[PDB]
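Below sits a lone chain in structure tokens, taken as the form deposited in one PDB entry.
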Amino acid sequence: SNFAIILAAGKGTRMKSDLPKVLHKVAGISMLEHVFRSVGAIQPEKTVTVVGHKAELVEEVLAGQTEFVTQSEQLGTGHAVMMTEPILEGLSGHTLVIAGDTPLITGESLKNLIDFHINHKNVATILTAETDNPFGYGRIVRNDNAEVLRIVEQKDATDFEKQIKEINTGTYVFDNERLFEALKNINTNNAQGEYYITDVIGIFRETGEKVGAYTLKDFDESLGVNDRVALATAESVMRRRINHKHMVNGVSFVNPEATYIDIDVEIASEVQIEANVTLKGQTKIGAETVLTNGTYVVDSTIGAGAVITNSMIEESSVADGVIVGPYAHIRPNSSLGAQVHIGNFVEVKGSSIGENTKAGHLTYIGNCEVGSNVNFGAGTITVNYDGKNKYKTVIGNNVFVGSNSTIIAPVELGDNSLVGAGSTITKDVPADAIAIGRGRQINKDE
């Protein structure tokens, strides 16, 4: 029986933020969520998240996914684990304690940790790693025969102890029953005057209880994020992880070290992604689609065989074979039908665009229902706002909207209609009709 305790009540002073540290994002989701996803790998029967500093913000993120306990005052990591007593005290099993600021630890690593704990029949197992720059991390102190003696914090470590490269990742597995009894013996006699969870290791050794340490196969997973310098490193490692997975899946990257793809983004095989492409949120990219430098897609679905050249697309659906850009902007609630062509300096907002329709230049399409095979001449402006209300415009199939025209909603351009270039349309244009609304040209010789 496995139990889990996630610490997320800290102040995170070094972050210099009003937003709780654990909520800072890494590849699209908070560090806390990355940790929560890893925890699920051990299939815990009970999950408790310790909240305190701005608990309401934290509870909203994991609402309905974990039990919450409040730590009124941030008196220490050990004190935080004590808050889980009313829920876990008495139960029999292996209790995992993990920090909410170590977003790189994988579920696979946590599984190996618990398996090690059970196999070696330890009362406490520490997840460790080694690094050439252990500053800020608790050091793992062992004796001559490599037996774990205790964990000494940076601020409490001697110069000899500071030289230790083996660090505490902040993740452990404790025998649930022995954990809460050992917690009662933690004192505040240290540089911070806090209840260190790291002290339970020394406490267990007093009664000769078995304590071990499982070393991470990948030391990059050990990153503890206390400031924004560490947060950038987490972004770097997570970015490499995500992009590596995509490349193994058959996605080409001109530069995986400079491409920004969120954790839950899905990408089909044969997709070509240039450097400096950004894909955020619930974004999906179809097979063989090409994304060029500067393309920025948020919560959108893009089909197969599409080519998105240096363009921004938000909360929209893009069908197969759609060509967009460069410098195009597809705003929320828009839908581009199959083989639609949206060129440079074109903005589509809250509009549905039928198959094969083209708007290649300096055009604004807002709140419009557009048919198939429609052609928007360069400079076409649709007007949906008058100062108070928002009106809709309907454009039929095979409509030819003349260049530099101004279409004032609410109006409807019937099938096969034509709007003369430079015209201002304020009234419906019947199907197959031709509308012209501009001044006559007069030349004055000189």
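For clarity, a rigid core is taken as the largest C-alpha set superposing within 1.5 Å between two forms. Numbering starts at 1 and runs along the sequence shown.
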| note | When mean C-alpha B-factors in the record are compared for 51-59 and 393-401, the larger belongs to 51-59
| Comparing 248-256 with 72-80, which has the greater mean CA B-factor as deposited? | 72-80
| Which of these has the highest Cα B-factor in the record: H341, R240, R205, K349? | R205
| said: Using only the C-alpha B-factors in the record, can you name which of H361, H120, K358, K280 has the highest? | reply: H120
| note | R178: CA B-factor among chain residues, third -> highest
| task | Grab the CA temperature factor for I42 from the record and place it in the lowest, middle or highest third of its chain. | result | highest
| query | Lowest, middle or highest third of the chain for the C-alpha temperature factor of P86? | reply | highest
| Once the chain's modelled residues are ordered by C-alpha B factor and cut into thirds, is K21 in the lowest, middle or highest one? | middle
| request: State the tercile, meaning the lowest, middle or highest third, of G170 with respect to the CA B-factors recorded for its chain. | output: middle
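Absent from the display: the form deposited in another entry. The rest refers to it.
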| task | After superposing the two forms on their rigid core, pick out the one entry in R228, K155, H120, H244 with a CA shift of 2 Å or more between the shown form and the other one. | result | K155
| message | I want to check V141: does it shift between the shown form and the other one by 2 Å or more at the Cα, with the core superposed? | response | yes
| task | Using a superposition on the rigid core, decide whether the Cα position of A304 changes by 2 angstroms or more between the shown form and the other one. | result | no
| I164: Cα shift of 2 Å or greater between the shown form and the other one (core-aligned) | yes
